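Structure first, then comments.
Along the sequence shown, residues are numbered consecutively beginning with 1. What you see below is based on every heavy atom in this structure, not just the backbone, and it leaves out hydrogens, waters and symmetry mates.
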Amino acid sequence: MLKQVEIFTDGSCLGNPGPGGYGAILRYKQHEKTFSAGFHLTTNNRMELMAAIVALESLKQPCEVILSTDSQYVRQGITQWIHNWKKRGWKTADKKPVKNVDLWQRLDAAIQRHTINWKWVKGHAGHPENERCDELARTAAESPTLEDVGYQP
């Protein structure tokens, strides 16, 4: 692809666990799309992941993608754990499913589809789209419309 899809994502909750939401912005060929939804009861980690998942799932055909997020959880999973989670059949040694397996498997399916370059950002200052996503995540959390069916403590 001569030109790559740019994605920016964030998610958060109002207290953790609590109502939560995500925001994602995609830009390709100078066309921008936004996604945002709120959940009645969820976690920060689940919303940070959901933001990336929904953005990537919106690209139905394989794309070369640059995805910018300040999520530590997403970075940790992508850079440290997900190779091994998959190899272990998505279970820990006690044979329990890994935490947030539902969302990590959806992210893994998106990683199979797309050629993603991850940009782990720090701070909103040089990152206007990420700041917009932070606001979207909050306003969604202030007006949820979905149950997070995979949130299962």
Side-chain angles (χ1 to χ4, degrees), residues 1-82 85-86 98-153:
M1 281 177 74
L2 277 167
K3 286 165 179 176
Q4 303 198 358
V5 183
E6 299 175 86
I7 303 182
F8 309 86
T9 68
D10 200 359
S12 62
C13 293
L14 302 175
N16 192 13
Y22 67 81
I25 293 167
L26 292 88
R27 196 201 331 290
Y28 181 56
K29 294 188 177 170
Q30 297 183 343
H31 181 64
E32 193 191 81
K33 299 198 294 294
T34 295
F35 297 92
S36 180
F39 299 77
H40 311 298
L41 178 62
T42 189
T43 72
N44 289 337
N45 284 345
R46 291 178 63 77
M47 290 297 96
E48 291 168 19
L49 255 180
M50 189 72 76
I53 293 163
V54 169
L56 290 163
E57 283 178 345
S58 80
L59 298 170
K60 302 304 213 126
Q61 82 284 17
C63 291
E64 295 196 63
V65 170
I66 304 168
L67 192 160
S68 298
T69 181
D70 73 6
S71 173
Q72 302 308 290
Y73 186 62
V74 175
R75 173 184 55 72
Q76 292 158 359
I78 290 296
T79 68
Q80 318 286 324
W81 311 131
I82 197 168
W85 289 338
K86 292 167 56 47
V98 303
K99 165 168 275 189
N100 296 325
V101 57
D102 58 317
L103 297 186
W104 284 112
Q105 285 175 337
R106 283 170 60 192
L107 188 61
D108 183 61
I111 287 163
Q112 291 173 45
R113 181 183 303 164
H114 299 306
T115 301
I116 307 162
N117 307 281
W118 300 88
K119 177 173 137 246
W120 311 121
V121 288
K122 178 87 176 184
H124 276 161
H127 305 107
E129 295 95 347
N130 294 89
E131 182 175 332
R132 287 170 58 198
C133 291
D134 169 273
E135 175 169 307
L136 292 169
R138 180 183 53 76
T139 63
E142 293 177 6
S143 190
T145 64
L146 302 173
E147 207 74 66
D148 183 356
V149 304
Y151 177 56
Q152 288 305 336

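One N or O on the side chain of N117 and one on the backbone of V65 form a donor-acceptor pair closer than 3.5 Å. Under the 3.5 Å distance criterion, the side-chain polar atoms of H114 are matched with a main-chain donor or acceptor of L59.
Residue-environment remark: CD (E135) stays at or below the threshold of 12 foreign heavy atoms within 6.0 Å. No more than 12 heavy atoms of other residues, nucleotides or ligands lie within 6.0 Å of NZ in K99, so this atom counts as exposed by the packing criterion. When the shell of 6.0 Å around CD of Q30 is examined, it contains 12 or fewer heavy atoms from other residues, nucleotides or ligands.
Each of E6, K119, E129 was compared with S68 under the side-chain hydrogen bond (donor to acceptor under 3.5 Å, both in side chains) criterion, and only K119 meets it.
For the pair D102 and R46, the minimum side-chain heavy-atom distance is below 4.5 Å. Counting heavy atoms from C-beta outward, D70 and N130 have side chains that stay 4.5 Å or more apart. Annotation: side chain of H40 is not in contact with side chain of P19 (no heavy-atom distance under 4.5 Å).
Note that the CG atom of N44 and the CG atom of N16 stand 4.0 Å from one another [nearest 0.5 Å]. In this structure, CG on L2 lies 9.0 Å from NZ on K29, to the nearest 0.5 angstrom. Atom-to-atom distance recorded for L136:CG and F8:CZ is 13.0 Å, nearest 0.5 angstrom. To the nearest 0.5 Å, the span separating OG1 on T69 from CZ on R75 amounts to 10.5 Å. Between the OG1 atom of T34 and the CZ atom of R27 there is a distance of 9.5 Å, given to the nearest 0.5 Å. Going from atom CD of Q61 over to atom CZ of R113 covers 8.5 Å, rounded to the nearest 0.5 Å.
Scanning both residues, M1 and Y28, for their nearest heavy atoms gives CE-OH, 3.2 Å. Pairing each heavy atom of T43 with each of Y151, the nearest pair is CG2-CE1, 3.5 Å. Here the closest non-hydrogen pair linking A51 and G23 is CB-O, 3.9 Å. Taking all atoms of both residues into account, the shortest heavy-atom contact from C13 to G18 is SG-O, 3.8 Å. Closest approach of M50 and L103 over heavy atoms only: CE-CD2, 3.9 Å. Considering every non-hydrogen atom in both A55 and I7, the closest pair reads CB-CG2, 3.5 Å.
For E131, there are no salt bridge (charged side-chain N to carboxylate O under 4.0 Å, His left out) partners, not counting sequence neighbours. In this structure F35 satisfies the ring-ring contact (aromatic ring centres under 6.0 Å, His included) test with no other residue, sequence neighbours excluded. With sequence neighbours left out, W118 forms a ring-ring contact (aromatic ring centres under 6.0 Å, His included) with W120.
In this structure, the ring of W81 has its center no less than 6.0 angstrom from the ring center of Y73.
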side-chain contact (heavy atoms from CB on, under 4.5 Å) for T9 and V74? Distances and angles first, verdict last. CA-CA 11 Å; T9 68; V74 175; over 6 Å; no
